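Colleague: Here's a structure for you.
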Number of protein chains: 2
Amino acid sequence: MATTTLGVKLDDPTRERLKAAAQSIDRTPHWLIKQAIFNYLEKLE
Amino acid sequence: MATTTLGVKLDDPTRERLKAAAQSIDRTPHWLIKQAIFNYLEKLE
């Protein structure tokens, strides 16, 4: 997908919590970040 | 905040849509990304 790489603002502590978000679908952390950002749009869309 | 900088996976088209998310609180795009990721945790928290 048109994934342009921008610097994100995540904290180690927070980054671990994202793993839980990845666990919801069972995907990779970096890859989870894309859902957490784009899926976040689809959620509140 | 402990904002560690990781490369994100955003698309220009998608990045513009984030601006709408920033418009919800009226904040800065980069800065919106942190909410879109952390607020996304607080939302589904």
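Within each chain, counting starts at residue 1; across the structure tokens, chains are named A, B, ... in the order shown, with ligands numbered 1 upward in that order.
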Using only C-alpha atoms, find the residues of chain B whose closest atom to chain A is at most 9 Å away, then write them as a list in words.

Modeller: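 Filtering chain B at 9 Å from chain A with only C-alpha atoms gives residues 1, 2, 3, 4, 5, 6, 7, 8, 9, 10, 11, 12, 13, 14, 17, 18, 21, 30, 31, 33, 34, 36, 37, 38, 40 and 41 of chain B.
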
Colleague: Write the residues of the selection above to a file with N, CA and C atoms, as a compact mmCIF listing (two decimals), in the first residue's frame.

Modeller:
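Result written to result-v4.txt:
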```txt
# COMPACT_ATOMS: atom_id res chain seq x y z
N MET B 1 6.30 14.19 26.45
CA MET B 1 6.01 12.78 26.80
C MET B 1 7.09 11.87 26.20
N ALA B 2 7.19 10.65 26.68
CA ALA B 2 8.23 9.71 26.15
C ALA B 2 7.95 9.38 24.69
N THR B 3 7.95 10.36 23.84
CA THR B 3 7.69 10.10 22.40
C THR B 3 8.95 9.60 21.71
N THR B 4 9.06 8.31 21.52
CA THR B 4 10.24 7.76 20.81
C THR B 4 9.89 7.82 19.34
N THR B 5 10.80 8.20 18.49
CA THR B 5 10.44 8.34 17.06
C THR B 5 10.67 7.07 16.26
N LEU B 6 9.58 6.48 15.82
CA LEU B 6 9.67 5.25 14.97
C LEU B 6 9.18 5.62 13.58
N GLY B 7 9.57 4.92 12.57
CA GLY B 7 9.03 5.28 11.23
C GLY B 7 7.58 4.78 11.17
N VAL B 8 6.67 5.62 10.75
CA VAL B 8 5.24 5.20 10.67
C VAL B 8 4.96 4.74 9.25
N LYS B 9 3.78 4.28 9.00
CA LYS B 9 3.40 3.83 7.63
C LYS B 9 2.16 4.59 7.19
N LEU B 10 2.33 5.82 6.81
CA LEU B 10 1.18 6.66 6.39
C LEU B 10 1.28 7.00 4.91
N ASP B 11 0.16 7.17 4.26
CA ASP B 11 0.15 7.52 2.82
C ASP B 11 -0.21 8.99 2.68
N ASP B 12 0.30 9.66 1.69
CA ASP B 12 -0.06 11.09 1.52
C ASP B 12 -1.59 11.20 1.57
N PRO B 13 -2.29 10.56 0.66
CA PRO B 13 -3.77 10.56 0.70
C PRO B 13 -4.28 10.35 2.13
N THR B 14 -3.80 9.31 2.76
CA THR B 14 -4.21 8.99 4.15
C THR B 14 -3.77 10.12 5.09
N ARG B 17 -6.14 12.74 5.31
CA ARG B 17 -7.33 12.35 6.08
C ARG B 17 -7.02 12.53 7.57
N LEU B 18 -5.78 12.33 7.97
CA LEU B 18 -5.43 12.51 9.41
C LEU B 18 -5.71 13.96 9.79
N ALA B 21 -8.68 14.27 11.37
CA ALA B 21 -8.62 13.82 12.78
C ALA B 21 -8.05 14.98 13.61
N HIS B 30 1.53 16.29 12.51
CA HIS B 30 2.49 15.34 13.18
C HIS B 30 1.95 15.00 14.55
N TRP B 31 1.66 16.03 15.27
CA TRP B 31 1.10 15.92 16.62
C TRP B 31 -0.20 15.10 16.57
N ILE B 33 -0.75 12.62 14.65
CA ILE B 33 -0.34 11.19 14.56
C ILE B 33 -0.21 10.61 15.96
N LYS B 34 0.37 11.34 16.88
CA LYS B 34 0.52 10.74 18.24
C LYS B 34 -0.88 10.43 18.81
N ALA B 36 -3.71 9.88 17.10
CA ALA B 36 -4.24 8.77 16.28
C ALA B 36 -3.66 7.44 16.75
N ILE B 37 -2.44 7.43 17.24
CA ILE B 37 -1.86 6.13 17.71
C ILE B 37 -2.15 5.95 19.20
N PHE B 38 -1.81 6.90 20.02
CA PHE B 38 -2.07 6.75 21.48
C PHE B 38 -3.55 6.92 21.77
N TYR B 40 -5.83 6.26 19.95
CA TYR B 40 -6.46 5.04 19.44
C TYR B 40 -6.41 4.00 20.54
N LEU B 41 -5.36 3.99 21.32
CA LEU B 41 -5.32 2.99 22.42
C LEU B 41 -6.36 3.41 23.47
```
